[PDB]
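Everything on this sheet refers to the single structure shown next.
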Amino acid sequence: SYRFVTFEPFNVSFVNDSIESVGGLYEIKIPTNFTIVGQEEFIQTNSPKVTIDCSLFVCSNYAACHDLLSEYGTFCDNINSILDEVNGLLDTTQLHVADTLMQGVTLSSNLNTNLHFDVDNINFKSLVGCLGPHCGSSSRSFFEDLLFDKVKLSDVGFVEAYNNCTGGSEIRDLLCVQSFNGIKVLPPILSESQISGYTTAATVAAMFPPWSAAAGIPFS
Amino acid sequence: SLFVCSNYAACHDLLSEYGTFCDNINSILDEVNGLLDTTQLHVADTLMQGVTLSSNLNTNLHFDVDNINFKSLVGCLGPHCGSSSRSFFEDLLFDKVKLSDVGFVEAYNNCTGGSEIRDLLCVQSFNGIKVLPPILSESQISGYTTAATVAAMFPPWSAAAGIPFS
Amino acid sequence: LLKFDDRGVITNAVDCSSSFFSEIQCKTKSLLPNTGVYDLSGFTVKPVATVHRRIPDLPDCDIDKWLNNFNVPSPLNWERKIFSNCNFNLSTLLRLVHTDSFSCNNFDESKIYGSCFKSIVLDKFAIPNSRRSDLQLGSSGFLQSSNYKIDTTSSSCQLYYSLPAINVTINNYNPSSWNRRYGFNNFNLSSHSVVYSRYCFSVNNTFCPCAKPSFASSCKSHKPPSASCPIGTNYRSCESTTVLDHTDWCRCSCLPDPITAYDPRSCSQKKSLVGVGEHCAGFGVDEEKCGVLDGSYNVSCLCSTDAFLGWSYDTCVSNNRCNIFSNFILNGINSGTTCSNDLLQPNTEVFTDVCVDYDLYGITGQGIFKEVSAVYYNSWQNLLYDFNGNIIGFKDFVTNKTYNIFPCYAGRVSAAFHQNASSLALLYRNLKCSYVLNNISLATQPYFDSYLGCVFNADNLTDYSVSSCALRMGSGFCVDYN
Amino acid sequence: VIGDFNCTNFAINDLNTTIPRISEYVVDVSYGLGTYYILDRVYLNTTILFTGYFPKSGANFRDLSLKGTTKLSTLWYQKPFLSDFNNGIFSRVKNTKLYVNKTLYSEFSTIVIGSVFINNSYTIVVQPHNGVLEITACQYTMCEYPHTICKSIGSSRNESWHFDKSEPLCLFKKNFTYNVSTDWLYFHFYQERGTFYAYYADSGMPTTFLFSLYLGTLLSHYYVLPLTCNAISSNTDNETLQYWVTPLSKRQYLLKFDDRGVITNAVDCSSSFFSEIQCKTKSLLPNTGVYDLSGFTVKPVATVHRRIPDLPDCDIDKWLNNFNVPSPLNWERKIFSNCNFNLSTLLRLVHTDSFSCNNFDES
Amino acid sequence: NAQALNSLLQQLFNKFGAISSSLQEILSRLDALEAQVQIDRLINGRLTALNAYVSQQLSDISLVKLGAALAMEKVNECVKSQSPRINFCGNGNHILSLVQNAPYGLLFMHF
Amino acid sequence: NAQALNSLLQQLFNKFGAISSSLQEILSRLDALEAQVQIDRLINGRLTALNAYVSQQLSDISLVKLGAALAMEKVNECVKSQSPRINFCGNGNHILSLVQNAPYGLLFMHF
Ligand SMILES: *[C@@H]1O[C@H](CO)[C@@H](O[C@@H]2O[C@H](CO)[C@@H](O[C@@H]3O[C@H](CO)[C@@H](O)[C@H](O)[C@@H]3O)[C@H](O)[C@H]2NC(C)=O)[C@H](O)[C@H]1NC(C)=O
Ligand SMILES: *[C@@H]1O[C@H](CO)[C@@H](O[C@@H]2O[C@H](CO)[C@@H](O)[C@H](O)[C@H]2NC(C)=O)[C@H](O)[C@H]1NC(C)=O
Ligand SMILES: *[C@@H]1O[C@H](CO)[C@@H](O[C@@H]2O[C@H](CO)[C@@H](O)[C@H](O)[C@H]2NC(C)=O)[C@H](O)[C@H]1NC(C)=O
Ligand SMILES: *[C@@H]1O[C@H](CO)[C@@H](O[C@@H]2O[C@H](CO)[C@@H](O)[C@H](O)[C@H]2NC(C)=O)[C@H](O)[C@H]1NC(C)=O
Ligand SMILES: *[C@@H]1O[C@H](CO)[C@@H](O[C@@H]2O[C@H](CO)[C@@H](O)[C@H](O)[C@H]2NC(C)=O)[C@H](O)[C@H]1NC(C)=O
Ligand SMILES: *[C@@H]1O[C@H](CO)[C@@H](O[C@@H]2O[C@H](CO)[C@@H](O)[C@H](O)[C@H]2NC(C)=O)[C@H](O)[C@H]1NC(C)=O
Ligand SMILES: *[C@@H]1O[C@H](CO)[C@@H](O[C@@H]2O[C@H](CO)[C@@H](O)[C@H](O)[C@H]2NC(C)=O)[C@H](O)[C@H]1NC(C)=O
Ligand SMILES: *[C@@H]1O[C@H](CO)[C@@H](O[C@@H]2O[C@H](CO)[C@@H](O)[C@H](O)[C@H]2NC(C)=O)[C@H](O)[C@H]1NC(C)=O
Ligand SMILES: *[C@@H]1O[C@H](CO)[C@@H](O[C@@H]2O[C@H](CO)[C@@H](O)[C@H](O)[C@H]2NC(C)=O)[C@H](O)[C@H]1NC(C)=O
Ligand SMILES: *[C@@H]1O[C@H](CO)[C@@H](O[C@@H]2O[C@H](CO)[C@@H](O)[C@H](O)[C@H]2NC(C)=O)[C@H](O)[C@H]1NC(C)=O
Ligand SMILES: *[C@@H]1O[C@H](CO)[C@@H](O)[C@H](O)[C@H]1NC(C)=O
Ligand SMILES: *[C@@H]1O[C@H](CO)[C@@H](O)[C@H](O)[C@H]1NC(C)=O
Ligand SMILES: *[C@@H]1O[C@H](CO)[C@@H](O)[C@H](O)[C@H]1NC(C)=O
Ligand SMILES: *[C@@H]1O[C@H](CO)[C@@H](O)[C@H](O)[C@H]1NC(C)=O
Ligand SMILES: *[C@@H]1O[C@H](CO)[C@@H](O)[C@H](O)[C@H]1NC(C)=O
Ligand SMILES: *[C@@H]1O[C@H](CO)[C@@H](O)[C@H](O)[C@H]1NC(C)=O
Ligand SMILES: *[C@@H]1O[C@H](CO)[C@@H](O)[C@H](O)[C@H]1NC(C)=O
Ligand SMILES: *[C@@H]1O[C@H](CO)[C@@H](O)[C@H](O)[C@H]1NC(C)=O
Ligand SMILES: *[C@@H]1O[C@H](CO)[C@@H](O)[C@H](O)[C@H]1NC(C)=O
Ligand SMILES: *[C@@H]1O[C@H](CO)[C@@H](O)[C@H](O)[C@H]1NC(C)=O
Ligand SMILES: *[C@@H]1O[C@H](CO)[C@@H](O)[C@H](O)[C@H]1NC(C)=O
């Protein structure tokens, strides 16, 4: 059953060739056929923003507890201040990421994004949201739909979960109990629809002229 | 269950109220060690990205080409690279300090049967504080560094952009 | 919050509890706080009604009729009467008996009125005057170590009172089957003489306080008395030897008594303690002093009355009123069928979908009831609990209707403040304006519904774009001032 | 011998007929054996750690169900049959079905619980009658050699296990019924602070509350009475009796509840490493990983006790009981060293009234 | 994040040596004299738990900021342009990259 | 690391206002009534020490992770190749670098 073995996760790839210069020449494997492959990578930029207060967590609605908490009120002020500066740092970081998504971006006004989307035989329909001139409601791309439907607890998920909390018949949910006990996850200062629009604008500027994000040259 | 209360029933019974602190402490240490293991795996992986060695590589005799001596930097000179691939250069480093992972293992081994009492590691280990070995041994990492160096050395020059070293 | 100028004159004052703006001023310790968003706590919804559920008419407990009985027992044999499924008045019970002191540990006086208990366990015995100080909590006296142990980790109440000296009889009867098996009759003591045990001894089932008659025949010097205890009992450990000046000297165990035995390890009877809720184990009988001389398999084992020893007695009389101890043992706190009626309140039917405080048969708190139809309650099963000690629903005693208990709303309110504006821009997050209006407070300011919740004192015009807001509430919505 | 009254002496053999067999059976708690319902608690679809009087997993059962036809051996009324009731026992009983004249007949063993088994100490008796469980507790005058018979088919002797011609004054007497067409019954019996408790179950392995009786004393020994029937041991082709008993202990249990509120599984939390992993994880099938288990101090194998040899007596009593007692203005003092003393004898010989300590205790 | 919030919520049901983990039972069983020491024990335990949580939150948010700075450099140097840094964007011979929005972060597809 | 472990070990011999720093003397001098408050003081002090130690360990391990990421970039950009970054590998005009294994880290020999 349980086999006790060695753990070798990495090893080199071997090539049968000589390692000496015969006739002034070495031996090496030059590739003769090629392909294009892809690979994804997720880097965490934002985190949920949590707020905790003493007047609900430590002492919920009891007068004696709230009166005894007045001695330790400096701890509560320090906790609230620390969480406030943490959330301020997170908001500043989100603003910096949103700004660095669009530095020298430049779009064309005559851009009806629903019909001209795949020139030079490359499909960007899945990567580019709000195909058309109606880019005011939701600019989320088809590619991001799989990401935002694979996980349901996004900021919109938190908003919809806290919304469905006052009137319901379910008691085993943890978010309602946490929110009633003073622990709550506030939405970020930029909605993910705006960030999706920023990424879409960056991708389109990389593709269509003037090629701002692709060093002023056709993509192919 | 060893540090706060060693083997006493009353202490362990009183600790049940603060058991959430102990679960949190063990969980925090577990995620810390998991992060360390992931970082070690990432370093080991980035030590070999486009590495490519030759099978006909009897490293005991061809070790100094182009009048440059890499015998001290390259371990397991020959075809017996299964036991210890530690280089001659790393011998000075691993003998200057004795408290490596092998040092910790050999120290904790010599703890049950002995006549010495002033050692601190045995007292710490009996009081619940123990330094576990990493998920990769330093012999494997020494072999990885040796493989990277030899890939920089000989054709195909994978770690040196496909060109002779000199 | 007070402000002083350079002359020491109070120029301004803040109520610190009148409104949200005053609370912001008092948290900031200033009068003109900087522009920012402030979170204000203390927003639990007030209850609108009260529901109080009691079991209908139960018979009277008559605690006074049992406490004022004329047959008061000893601490050696303390009585106990369990009370359940009855209603009692604590004030009338305390008043009618001639009480002197009534104090409790781990529980108090003021939380007994209007409270329910699963059962009330009461123990009663008379107090000898010599060991009056023995009944203090934590004291290891002769009463507490051999007659009645008082638990200190349970919510209990101690009651001291006295009955008139006449119309009092003392019941002396030791509850030791081991002592009764080997010839212990009733006591011979005067009236108002309270007997207490000083040492309690426990033996095995196979004890036999007599010597072997076959060995008794051979013993010629210091021959112990012999008899014939019934079968299954091992006899004494008497053995013969030579003491270098007698041809046959035979000694026995527990010389001369189990109290002052020089070798207690070989003695079968051992000195023992007494636990809570238990009587004395027995009285250490003198082995040698009791028995029949020259009894050879014809007389069953009996021992004299004076053989049993280790007890002394005193009187209860103090200013012609014999003092009596009582010990209330309250188990199953804030739950059960034994409830007090001093805080009299008529039974109120359970309301639905409104935040009310409840007193459902001893269980207190506030919550929201939503009646459902679920039949997982069995005959004994009556309350539904969460995985860690939380009530999440119950079933009524009389109507047998299943209910669920949901927590009331305890959210927070935001406040967007600008320096140039004396008003506030509130925001109740994740709520609808209809729920804020009728269930929380009425709106004296224009209110509108937004994505983040209901916004107060700020009109809804989310069409304009502002590239710089000092007051951000989240999800791309900011509250500027103009 | 369990009593002291000589009722009869018919059909008794004592010629060293030494074939006593005690069968064993491992205790499997992992499906609900030895678990009882809490008195007012409904848990649904959750996992709860609970402490209570429980049997220990990995231990062994004990088949005390004796069986005879005519003879009563003298080896049936001593140890290990007269077993040990220290804290409490958990019982598992087979329900023997007899088919006489196409009619079901349920009958099994009768258990008595007491301390000394005479008529000045109480004795809890449980005895079935064709589907009615008689649970009484009085000062029974039980015989030296007890006996139980078979109501479906009469044996060679009458029932004789007490000689109470008049009903003794006592406390508890009640009747209980159950589904007579069942296979196994489960019984929880334990005592706590002078009160005797009892739980019952017929259908389903989890147990529910039955009653609770106060006695004021402790319980010492219990014994399963032998049964005499003729249709049971008829050439060993018919059924038999199975009365399985295990001792109880106060250990933490992990319990699982389904949507109906029925206990489906249980974990011992102290039997083995796997149970400890399950109880730390609060699940029954933890994910694949490495777990560290503490509480691994090696138990001592011996004891060493060193004292200085024979020192003279201190005679603290001879100085305390001196007849020249001084004033608090000039209090005396005597320092004691290199001497042995007995605290109990010193406290006993002087006429003490109170003896209390600060920053130190009596024990 | 869900586990951290669940642990902080479960911190509310610890006795900390008091007779009950809930303030309601304490305030319904004791009256402002022996209630105060139990309430102080509960308050001290909950404040210690909150201080530990905010310290761990500070460390986690610092790590988040470092990862986001890495993401900003990744956007600047691999997507909008191609700096001559070997094995910075993706393993092997890199060509280009594209950026897509992700829940709490970005998604880079290195080709 | 040795000093941190030694300090954590020496934390076990602090009285924290109790009569003795060792549980054996307390359990041999007091019997479950006044012993409980001393044991509570010892438990609270040791738990505070453990929380401080794990917070410091979290900060130290975060610093170790940042240094290891620096080592990964040093391997990628100085050993295997030579990115045009002035004074990143070594002080002065850089030529190349080689990597050797070290106890708890790597050793870079810049030439
Ligand atoms: C309580 O239990 C005791 C102990 O068994 C009972 O005392 C015993 O009573 C029996 C009969 O009632 C006595 O047996 C008699 O013995 C004489 C001896 O000559 C014999 O001639 C009679 O025919 C009869 O068998 C027995 O001696 C007596 N004592 C002992 C030690 O066993 C007592 O009766 C019980 N009390 C009640 C109210 O049942
Ligand atoms: C060169 O220009 C021609 C324009 O005629 C491109 O041909 C079109 O390519 C698109 C693909 O985006 C097709 O949908 C059209 O049907 C093509 N039209 C014709 C007439 O062929 C061609 O793709 C361009 N070359 C490259 C490499 O993109
Ligand atoms: C050019 O090739 C010659 C091969 O003959 C190399 O000469 C050898 O160098 C090695 C040093 O690694 C010596 O051990 C041999 O003895 C040399 N052999 C001879 C015949 O000279 C020479 O080193 C090469 N040039 C360079 C710059 O490396
Ligand atoms: C004291 O207890 C009684 C019942 O045990 C409570 O009920 C009253 O009993 C008296 C006569 O005993 C009746 O005349 C009343 O009608 C009963 N009801 C009420 C509401 O008084 C009695 O209420 C208790 N005392 C208090 C103060 O509540
Ligand atoms: C609520 O449930 C209890 C428990 O069953 C009911 O009490 C008994 O119910 C059975 C059958 O349901 C009746 O035969 C008994 O007569 C009931 N006992 C008494 C003392 O009346 C109780 O009746 C139920 N309440 C209802 C139906 O209103
Ligand atoms: C809020 O108050 C500030 C402070 O008075 C206003 O700033 C002043 O505006 C007036 C009128 O435009 C100028 O004369 C002052 O020079 C301004 N002072 C400063 C320091 O800027 C501000 O305009 C007010 N309104 C808003 C929306 O901020
Ligand atoms: C508070 O809100 C609740 C529901 O959210 C209201 O309850 C319902 O209100 C509607 C509107 O009048 C009624 O038709 C229903 O009959 C109510 N249901 C119940 C069970 O009462 C409630 O009315 C609101 N509070 C106020 C004061 O209006
Ligand atoms: C808040 O204001 C916005 C902006 O006008 C409202 O959104 C409009 O709602 C109407 C009615 O449903 C629609 O016909 C428009 O198309 C919406 N416009 C936009 C830009 O969304 C919104 O309904 C207002 N909210 C409230 C509660 O009055
Ligand atoms: C009983 O509890 C189990 C475990 O929590 C529930 O099973 C989960 O059901 C949800 C459905 O919302 C799934 O998303 C989970 O993956 C399930 N988990 C497991 C472990 O099965 C089950 O639904 C609950 N039963 C009832 C009736 O509520
Ligand atoms: C409990 O039930 C049993 C069985 O019905 C009762 O035993 C019978 O009682 C009657 C008198 O009511 C006697 O005439 C029978 O001889 C008894 N049968 C047997 C087999 O002994 C028993 O009396 C009931 N107990 C109570 C307290 O009612
Ligand atoms: C080397 O690694 C490859 C891919 O991980 C694996 O298929 C191969 O078996 C390994 N060689 C070994 C472990 O000798
Ligand atoms: C490499 O290829 C040559 C030519 O076929 C062969 O002779 C030699 O054995 C090979 N070496 C290996 C497979 O290690
Ligand atoms: C390269 O591979 C593709 C498919 O993998 C094939 O169609 C093509 O002919 C190959 N070219 C060469 C030169 O091998
Ligand atoms: C509550 O409503 C939201 C829509 O805002 C929905 O996404 C969510 O699933 C609902 N919750 C439940 C339990 O149905
Ligand atoms: C214990 O044994 C190890 C070998 O595993 C050795 O390195 C170490 O020095 C020994 N300890 C002592 C104190 O000699
Ligand atoms: C006490 O007894 C006397 C004499 O028998 C009698 O007169 C008196 O009423 C009694 N007192 C009580 C309270 O019963
Ligand atoms: C009991 O006491 C009474 C009164 O003192 C006395 O007359 C009687 O003789 C005593 N009984 C015995 C058996 O000594
Ligand atoms: C009493 O019985 C216990 C077992 O219950 C046994 O361990 C002990 O040795 C016995 N003592 C005597 C004096 O018989
Ligand atoms: C017990 O009683 C039986 C008859 O009931 C009698 O035959 C026998 O002799 C008695 N045993 C004695 C007296 O030991
Ligand atoms: C059972 O009692 C009857 C009653 O007369 C009697 O005849 C019979 O012998 C008894 N059975 C015995 C003693 O085995
Ligand atoms: C009694 O138990 C049997 C066991 O299979 C079951 O079939 C029967 O339905 C039960 N009786 C009742 C009345 O439920």
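Protein sequences appear in the order of chains A, B, C, D, E and F.
Per the deposited numbering: the first sequence = residues 765 to 984.
Per the deposited numbering: the second sequence = residues 819 to 984.
Per the deposited numbering: the third sequence = residues 267 to 748.
Per the deposited numbering: the fourth sequence = residues 14 to 376.
Per the deposited numbering: the fifth sequence = residues 1040 to 1150.
Per the deposited numbering: the sixth sequence = residues 1040 to 1150.
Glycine included, each C-beta is placed from N, C-alpha and C at the ideal position.
If you drop the 5 nearest sequence neighbours on each side, which residues of the same chain put their C-beta closer than 7 Å to that of residue 498 of chain C? Position 232 of the third sequence, counted from the first residue, corresponds to residue 498 of chain C. Excluding residues within five positions, the ones whose Cβ falls inside 7 Å are 472.
Ignore the nearest five residues each way along the sequence and tell me which others in residue 558 of chain C's own chain have a CB closer than 8 Å to its CB. The sequence position of residue 558 of chain C within the third sequence is 292, counting from 1. Closer than 8 Å at the Cβ level, and outside the excluded window around residue 558 of chain C, lie 491, 492, 493, 565 and 568.
Can you find a CB in chain F that lies within less than 8 Å of the CB of residue 305 of chain D? To locate residue 305 of chain D, count along the fourth sequence from 1; it is residue 292. Answer no: the Cβ-Cβ gap between residue 305 of chain D and chain F never drops below 8 Å.
Please identify the residue among C/530, C/525, C/466 and C/544 whose C-alpha is closest to the C-alpha of residue 208 of chain D. By 1-based counting over the fourth sequence, the position of residue 208 of chain D is 195. For the options C/530, C/525, C/466 and C/544, the alpha carbon positioned closest to that of residue 208 of chain D is the one of C/544.
Taking only beta-carbon positions, decide if residue 1048 of chain E is within less than 8 Å of chain C. Working through the fifth sequence from its first residue, we reach residue 1048 of chain E at position 9. It does not: the Cβ of residue 1048 of chain E has no partner Cβ on chain C nearer than 8 Å.
Reference residue 963 of chain A, options A/984, A/833 and A/863, closest by Cα: Translated into positions along the first sequence, residue 963 of chain A becomes position 199. When each option's Cα is compared against that of residue 963 of chain A, the closest is A/863.
Cα-Cα separation, residue 1116 of chain E to residue 1137 of chain E: Residue numbering aside, residue 1116 of chain E sits at position 77 when the fifth sequence is read from its first letter. Residue numbering aside, residue 1137 of chain E sits at position 98 when the fifth sequence is read from its first letter. If I take the Cα positions, the gap works out to 12 Å.
Which word fits residue 541 of chain C, buried or exposed, when buried means at least 16 other C-beta atoms lie within 10 angstroms of its C-beta? The sequence position of residue 541 of chain C within the third sequence is 275, counting from 1. So residue 541 of chain C counts as exposed.
Do residue 1146 of chain E and residue 911 of chain A count as a contact pair if the criterion is CB distance below 8 Å? On the first sequence, residue 911 of chain A is found 147 positions in, with the first residue counted as 1. On the fifth sequence, residue 1146 of chain E is found 107 positions in, with the first residue counted as 1. Less than 8 Å separates the beta-carbon of residue 911 of chain A from that of residue 1146 of chain E.
Shorter than 8 Å from the beta carbon of residue 792 of chain A to some beta carbon of chain B? Along the first sequence, read from residue 1 onward, the residue named residue 792 of chain A stands at position 28. Residue contact with chain B for residue 792 of chain A: present (Cβ-Cβ distance below 8 Å to some residue of chain B).
With the cut-off set at 8 Å, would you say residue 56 of chain D and residue 270 of chain D are in Cβ contact? Taking the fourth sequence and counting its residues from 1, one reaches residue 56 of chain D at position 43. Taking the fourth sequence and counting its residues from 1, one reaches residue 270 of chain D at position 257. By the CB criterion at 8 Å, residue 56 of chain D and residue 270 of chain D fall inside the cutoff.
With DSSP as the reference, label residue 923 of chain A as helix, strand or coil. On the first sequence, residue 923 of chain A is found 159 positions in, with the first residue counted as 1. DSSP places residue 923 of chain A in helix when its eight states are reduced to three.
Answer with buried or exposed for residue 1071 of chain F, where buried requires no fewer than 16 other C-beta atoms within 10 angstroms of its C-beta. Numbered from 1 along the sixth sequence, position 32 holds the residue referred to as residue 1071 of chain F. Exposed: under 16 other Cβ atoms inside 10 Å.
Following a CB-centred definition, is residue 874 of chain B positioned closer than 7 Å to any heavy atom of ligand 12? Stepping through the second sequence from its first residue, residue 874 of chain B is reached at position 56. Yes, Cβ of residue 874 of chain B sits closer than 7 Å to a heavy atom of ligand 12.
Taking beta-carbon pairs under 9 Å, can you tell me which members of the region 1114-1132 of chain F lie near chain B? Answer in chain order: 1114, 1115, 1118, 1119, 1120 and 1121.
Using 7 Å as the cut-off, classify the Cβ of residue 618 of chain C as near or not near the heavy atoms of ligand 7, replying yes or no. Taking the third sequence and counting its residues from 1, the one referred to as residue 618 of chain C is at position 352. It does: the Cβ of residue 618 of chain C is within 7 Å (strictly closer) of some heavy atom of ligand 7.
Is residue 1094 of chain E close to chain F, meaning its C-beta is less than 8 Å from at least one C-beta of that chain? Locating residue 1094 of chain E in the fifth sequence gives position 55, where the first residue counts as 1. It does; some Cβ of chain F falls within 8 Å.
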